[PDB]
Amino acid sequence: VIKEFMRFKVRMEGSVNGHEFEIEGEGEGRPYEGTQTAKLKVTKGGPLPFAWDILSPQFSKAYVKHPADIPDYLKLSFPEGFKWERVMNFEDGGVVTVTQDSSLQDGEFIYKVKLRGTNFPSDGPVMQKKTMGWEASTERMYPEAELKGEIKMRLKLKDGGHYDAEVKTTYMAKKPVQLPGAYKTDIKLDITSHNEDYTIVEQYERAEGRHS
């Protein structure tokens, strides 16, 4: 079912600081090499009055290269797939919460995202579009029963310095699946291209599982 080259479609319904939008894109990748690329399009609410970076990590954990003695719980969940829920807490009191339902149909993954960012100061970096990209992350993974994961993510600032987020994600597979032990996943997401006002965006993520 999960071939060595997979595609996916993704939809997000969002609103940040009260401003509602809708995003739709298509991605592709090799789920066993850890590489993927999406192309997101802003179909409603464009252009956005906030930084694209707070959205890019919500657009695909089935594409994480796992070694062989670490159960690939998210891959193994398919064809039924899984849901994740996440809560980012930024250092200036911004709060993104996401919920996602991944699933396989017709040979490609189908992503439905719902996002709600609030409390971002109107003159901080997210609302002022003063960020330019995420640093490399490392998500600590650990195990009803479900897979959980904590990250500390830095976000580069345009003028200098960083801006941090405390992320806590929770993945549940839609069917019983063997959970792994505690391990770590190394992540680096990249905006590879974008048009002027960030209404057409392309992303690249590589993720790899390893023991601590």
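Rules of the game
- Along every chain, residue numbers run from 1 in sequence order, not necessarily as the entry numbers them; residues that have no coordinates are omitted.
- To get the side-chain values, take all heavy atoms of the structure and skip hydrogens and water.
- The nonpolar core is taken to be a set of buried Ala, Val, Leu, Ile, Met, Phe, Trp, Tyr and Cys residues, with the residues joined through side-chain atoms within 4.5 Å.
- Type-normalised accessible area, obtained with a 1.4 Å probe on protein chains alone, sets the label of each residue: buried when under 20%, exposed when over 50%, and partly exposed for intermediate values.
- Note on contacts: a residue pair qualifies if any of its non-hydrogen atoms lie within 4.5 Å across the two residues.
- For the purposes of this entry, the term helix denotes a DSSP run of H or I that reaches at least four residues, the term strand denotes a run of E that reaches at least two, and both are numbered from the N terminus.

- Method of determination, as given in the entry header: X-ray crystallography; reported resolution: 3.16 Å.

## As for the nonpolar core
Working step 1: One finds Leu55 and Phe90 to be the most contacted residues of the largest nonpolar core, which totals 52 residues.
Working step 2: Ignoring sequence-local partners within four residues, the contact set of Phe90 consists of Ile54, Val96, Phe120, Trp134, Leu155, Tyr163, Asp164 and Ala165.

## Section: the environment of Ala145
Working step 1: Relative to the helices and strands, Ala145 resides in the loop between β8 (137-142) and β9 (147-157).
Working step 2: With relative accessibility at 53%, the residue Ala145 sits in the exposed group.
Working step 3: Placed 14 residues apart in sequence, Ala145 and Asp159 show a C-alpha to C-alpha distance of 43 Å.
Working step 4: Residues contacting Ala145, with those up to four places away along its chain left out, are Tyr73 and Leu179.

## Notes on unusual backbone geometry
The general pattern is negative phi for most residues beyond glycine and trans for most peptide bonds.
Working step 1: Here the bond from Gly46 into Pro47 is cis, since omega is -10°, no more than 30 degrees from zero.
Working step 2: Secondary-structure assignment places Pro47 in the loop between β3 (35-44) and α1 (73-76).
Working step 3: Going from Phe78 to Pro79, the amide bond is cis rather than trans, its omega being 15°.
Working step 4: If you trace the backbone, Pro79 turns up in the loop between α1 and β4 (82-90).
Working step 5: At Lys129, a residue that is not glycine, the phi angle is positive and equals roughly 50°.
Working step 6: The residue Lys129 is located in the loop between β6 (108-118) and β7 (131-134) in this model.
Working step 7: Of note in the backbone geometry, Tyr198 takes a positive phi value of approximately 60° without being a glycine.
Working step 8: Structurally, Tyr198 is set in the loop between β11 (183-194) and β12 (200-210).

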